[PDB]
Amino acid sequence: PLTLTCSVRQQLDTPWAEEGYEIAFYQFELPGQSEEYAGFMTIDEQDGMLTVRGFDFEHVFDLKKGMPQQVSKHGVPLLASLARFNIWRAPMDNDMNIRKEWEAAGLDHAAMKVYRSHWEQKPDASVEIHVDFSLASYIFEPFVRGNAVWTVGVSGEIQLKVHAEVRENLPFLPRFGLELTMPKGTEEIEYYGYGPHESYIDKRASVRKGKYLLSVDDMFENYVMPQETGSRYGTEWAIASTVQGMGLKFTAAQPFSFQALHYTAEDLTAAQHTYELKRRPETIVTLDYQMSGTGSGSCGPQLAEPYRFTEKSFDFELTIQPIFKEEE
Amino acid sequence: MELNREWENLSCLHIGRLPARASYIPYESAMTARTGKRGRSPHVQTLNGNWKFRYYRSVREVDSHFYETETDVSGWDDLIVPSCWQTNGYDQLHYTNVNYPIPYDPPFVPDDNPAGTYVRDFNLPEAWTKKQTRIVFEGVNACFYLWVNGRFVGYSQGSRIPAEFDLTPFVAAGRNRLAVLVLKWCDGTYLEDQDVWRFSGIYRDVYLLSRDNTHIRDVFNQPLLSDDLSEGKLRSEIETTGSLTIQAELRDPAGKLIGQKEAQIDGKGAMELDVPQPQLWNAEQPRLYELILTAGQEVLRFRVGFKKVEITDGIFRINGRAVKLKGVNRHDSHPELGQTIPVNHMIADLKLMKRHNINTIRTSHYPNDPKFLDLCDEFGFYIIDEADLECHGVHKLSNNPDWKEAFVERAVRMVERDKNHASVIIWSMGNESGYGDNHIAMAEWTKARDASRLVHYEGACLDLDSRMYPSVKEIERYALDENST
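Chains H and C are the protein sequences, given in the same order.
If you count by UniProt numbering, then the first sequence holds residues 677 to 708, 719 to 1014, one letter each, in order.
If you count by UniProt numbering, then the second sequence holds residues 1 to 394, 406 to 471, 483 to 507, one letter each, in order.
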C-alpha cells in the first residue's frame, strides 16, 4: 500500500513565519529452513523452568506463572525480568471522576493466578505452551479470565494468542497489554506508524503516518502533573533496541498501541511533581491491545462510548522477534 | 498422596484423621489425675519444645524430600513449638476486617502460598509398641501434612479444632522422625474470615498418647435432673472398641462417695447412677461432682455439673429461675504471642472479669483452648460457644450444596469436643450475616445430637431471637409486642 501526503505550505514571509511553513496536511491511501535448523531444537524442564535452546537462541519460560523470563539471541540477554499482563495506566487529569471507580473496584494493583500449564512439541520442532489464567486483586471477584498460547518456532519467534473475557459489572478498563522489561542500554526506538508524537483513539488529528526513529528520552512528555504519556496509537511494527541495533521487533495481526519509557506506571502514579520521578536504568516496553482515550472529562461531558474500552471478549495475536537490526 | 493439591480440592477435607471424640487424658491413678498435669502420666509424652524449622515464600520452592529420615536438618532454624511465626521474625503482620484478604475465587487460593517445614526427632520405649499410639495436635493454622519415619500418615484441615492420627503402623522402638508441612491458605480460609489478626503455624499443644488395644474411646456424660430439680441421674454413655470391664465412681464437691458401679461394655452402652439430693451448678455457686472411670491400665477423670437450661413462655430460665445474661465477647489475643495463650494470662482475665460483675463470656467466632473451659467450670461463667465459621462471603457459600460437608463438620468437631463442660449453655453456629441452607443443617445436627442446650444462629424450629446493634427504642418495641414468642 502506498501513501500520498499533501502539505499546504505558504510562499512568502509573514511576520510570524518563514517561507516554507506548513499550515495543514492531508494523507491518502493508494492500493497497489528446508529442514536444516529443526535438529538443533532442545527442550528441558527443571523446577518449572522450561528452557528451549535452538540454533542461535535460548529462551526460558516460567511454567508456574505462564510468562517468559529470559530471551536470548547470540548470547545477548534481551529481557531483564519476568513479563506480565497489565490493566493499569497512570490516570490523566481528564480521569478525575473514573479514578474513584477504578480504585474502588481494586484495579490499582492486580496479580495473576495460573490454573493449568501444559507444554508440548509439535511435529515440526515447534513448542507450544498452554496457560489458563486469571487476573484478580485481593478482595473481589476476578477481573479477567482467559487462556493464552505461547509458541516458539525454529527461528526463535515468540507468538502469543490470548483469548480473554472480563467481568460483567466492571466499568471499563484503562488498558490491556503485555509489559516487558528490557535491559540497560536499550535506547533507540524505530517504528512504522503515526507520529512523530503522541496519539490516542480520540486525540490523533495532528499525527501522520511514516517511519520514525527516536530515543526513549524523547518518547516522554514531561507534564507538570506526572501522568500517562508517550503512547503511539495504530502502530504497524516497532523495534526497541540498543544504539548498535540489538533488540526486539513487535508485530501483530491488527495495529496495536505501543509505549516505551524509563518509568513504570506505578512510578508515574505515585509521583506528584516533576522532580519526584526517578529515572530507571531499564526500558519499560508495553504492547497494548486497546487503550481508553483522553476525552475532556475534567469539566463537562465524560468519555464517549466508541472511545472507551468497553469490550468483554477479544483476541490479541502478538508476535515478538529477536533482531540484530544492522543485518537483520 | 504427596502434594496432589488437597488444599484446593473441597472433596478432600482430611486424610487418615480419626473421628472426633471428647477431651480427656488417660492417667495411671486417681491421685495423679486430680493434679491436672498431663506430663506426669506415663501414657502421655509431650512434643512441645524446640523443633527445626524452615520458611518458604511459596509452596513451589519446598524441597521434595525434606520428610525423609536421613536428611540433614542442621542448617535450618530452631523454633519453639507452640508459637505463631508472624511474631518470630517471619512474614509481616496483617489485620483485616470482614473482607477476604485473598481474591474471592472459591475454592482457589493464591499461587504465592507461604509454607513452613517442621522436623523433630523423638524416642519411644519398648512397652509402647505393644499398644496403640496416637498423635494429637491441639491447633495448626490452616492446613498441614504429616510424615512419620519418611512415610505419609495424614493430612488435615481446620484451624481451631484438634486433629488426632494413628501412628501404630509407623513408629518403632528407639529414635523416630516427625515432619510437618504447614500452609498459610487452604480452601477452609473462605470459612475463616474473622475480624482478627491472621496468624500461622503450630500454635497449640502437640502430644503423643499410648492407649491399649481395648480402650474406652468416647464418653458422654448426661445430667438428668427431674421436673422439680429434686432427683438427679448421671447417665454416662461409654463407647469402647471392644469388651471392657469398667469401674465407675461418683463423688460430691465435699469428697464423699455417693455411687459406685461395674459394667461390661462391648462397644456402646450407658452406666446410669443415682444422686438423691443434687447440688446444682450456676455461675455464682460452681459446685462440681467428680466421676472416675477405670478400665485396664487407664483412669479417666471427669467433672460433672447439674443444670437445666430452658425457655418456657418466651422467658429464658436456668435452674427454674429467670436469669439475665451479663457478658462480654472475647478473642484469644496476647500482645506478644498472638494466639498462643498461657494459663496465667487466662486466669488474670477471668479474675479481672469476675471482679467487674460479669457472669457470661461469648467465645467470639471460634472455640478456644480446652483448658479455658476447664477454668470457666471452676470460676463460674456462662459460656456461649461459637463455631469456627465466618463466611462473610459477599457469592453466598451458605446456599451452595457442595459446601455442605465443610459447614457440617465444623459444628460436629466442636460439639463433640466440648459436650462434657458444665459451663456451656448455648451452641452458636458462628457469625451469620446470611440465612442459608448450610447453617440449618448444622442446627439440625446439633439439635438432634445434644438436646440439653439451646442452639443459636444469627440469620434466623428456632430457640431464641438475636439482634446485632439495635436501638434502645427497637428493643422496647420488641418487648411490648404480642407476636413476640
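Ideal Cβ placement from N, Cα and C applies to all residues, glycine included.
Among the options, nearest to residue i - alpha-carbon criterion
i	options	result
C:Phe316	C:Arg464, C:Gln260 and C:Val419	C:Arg464
H:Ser927	H:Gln988, H:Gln1007 and H:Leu859	H:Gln1007
C:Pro125	C:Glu290, C:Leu208, C:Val180 and C:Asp413	C:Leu208
C:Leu486	C:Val140, C:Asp313, C:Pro162 and C:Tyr203	C:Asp313
H:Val893	H:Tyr697, H:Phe701 and H:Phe743	H:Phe701
H:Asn780	H:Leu989, H:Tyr993, H:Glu997 and H:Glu1013	H:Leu989
H:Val835	H:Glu1014, H:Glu1012, H:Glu1013 and H:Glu1003	H:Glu1003
C:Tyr104	C:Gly393, C:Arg428 and C:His467	C:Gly393
Cross-strand partners of residue i (DSSP beta bridge)
i	result
H:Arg685	H:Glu698
H:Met753	H:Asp748
C:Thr133	C:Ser210
C:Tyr27	C:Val299
H:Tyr878	H:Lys897 and H:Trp923
H:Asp974	H:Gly863 and H:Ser943
H:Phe995	In DSSP, H:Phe995 forms no bridge with anything.
H:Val813	H:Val838
H:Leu934	H:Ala926 and H:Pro1008
H:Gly832	H:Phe819 and H:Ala850
C:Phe316	C:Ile311
C:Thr96	C:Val196
C:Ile383	C:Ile361 and C:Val435
H:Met868	H:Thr969
H:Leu678	H:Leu706
Same chain, Cβ closer than 8 Å to residue i, neighbours up to 5 away in sequence not counted
i	result
H:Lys889	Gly979 and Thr980
C:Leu257	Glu249, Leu250 and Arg251
H:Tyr886	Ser917, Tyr919, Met977, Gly979 and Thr980
C:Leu350	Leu375, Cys376, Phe379 and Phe381
H:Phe1010	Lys759, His760, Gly931 and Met932
C:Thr129	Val171, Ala172 and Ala173
H:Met778	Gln913, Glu914 and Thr980
H:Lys750	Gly734, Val800 and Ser803
H:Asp742	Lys759, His760 and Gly842
H:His883	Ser892, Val893 and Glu907
Other residues of its chain near residue i: CB distance less than 6 Å, five sequence neighbours each side excluded
i	result
C:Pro278	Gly232 and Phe306
C:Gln194	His365 and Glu390
C:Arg21	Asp218
H:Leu899	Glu876
H:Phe862	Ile773 and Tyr975
Nonlocal neighbours in the same chain, by C-beta distance under 7 Å from residue i, ignoring five residues either side
i	result
C:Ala452	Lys415, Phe418 and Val419
H:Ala822	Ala796, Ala797, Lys799, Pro828 and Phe829
H:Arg785	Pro777
C:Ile265	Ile238, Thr240, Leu244 and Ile246
C:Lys354	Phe379
H:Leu866	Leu765, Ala769 and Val971
H:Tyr880	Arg890, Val893, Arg894, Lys895, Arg918, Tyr919 and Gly920
Boundaries of the beta strand (DSSP E) in which residue i is found, first to last residue
i	result
H:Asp1001	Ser999 to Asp1001
C:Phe144	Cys143 to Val148
H:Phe771	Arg770 to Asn772
H:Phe726	Segment: none, H:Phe726 is in no beta strand (DSSP E) and carries neither H nor E.
H:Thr737	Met735 to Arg739
C:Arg424	No beta strand (DSSP E) contains C:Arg424, which is instead part of the alpha helix (DSSP H) from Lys415 to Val426.
C:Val466	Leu465 to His467
C:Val219	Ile216 to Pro223
N- and C-terminal bounds of the alpha helix (DSSP H) containing residue i
i	result
C:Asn344	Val343 to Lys354
C:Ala452	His450 to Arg460
C:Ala248	Element bounds for C:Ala248: not the alpha helix (DSSP H) but the beta strand (DSSP E), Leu244 to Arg251.
C:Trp51	It is not in any alpha helix (DSSP H) - C:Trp51 instead sits in the beta strand (DSSP E) that spans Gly49 to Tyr56.
H:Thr955	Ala951 to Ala956
C:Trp85	C:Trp85 -> no alpha helix (DSSP H), and no H or E assigned at all.
Could you run through the stretch 89-103 of chain C and flag, in chain order, every residue whose CB is less than 7 Å away from some CB of chain H?
Under the 7 Å Cβ criterion, the stretch 89-103 of chain C contributes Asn99, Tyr100, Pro101, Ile102 and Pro103.
For the stretch 818-844 of chain H, list every residue whose C-beta sits within 8 Å of some C-beta in chain C, in sequence order.
The stretch 818-844 of chain H vs chain C, Cβ under 8 Å: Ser820, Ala822, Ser823, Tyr824, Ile825, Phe826, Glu827 and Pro828.
Short of 9 Å Cβ to Cβ, which residues in the stretch 724-736 of chain H face chain C?
Answer in chain order: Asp733 and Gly734.
Using a Cβ-Cβ cut-off of less than 7 Å, give me the residues of the stretch 36-63 of chain C that come near chain H, in sequence order.
The stretch 36-63 of chain C vs chain H, Cβ under 7 Å: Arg60.
Members of the stretch 798-820 of chain H near chain C, C-beta cut-off 9 Å
For the stretch 798-820 of chain H, which is checked against every Cβ of chain C, the residues closer than 9 Å are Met798, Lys799, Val800, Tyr801 and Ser820.
If you measure beta-carbon to beta-carbon, which residues of the stretch 736-755 of chain H are closer than 7 Å to chain C?
Within the stretch 736-755 of chain H, the qualifying residues are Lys750.
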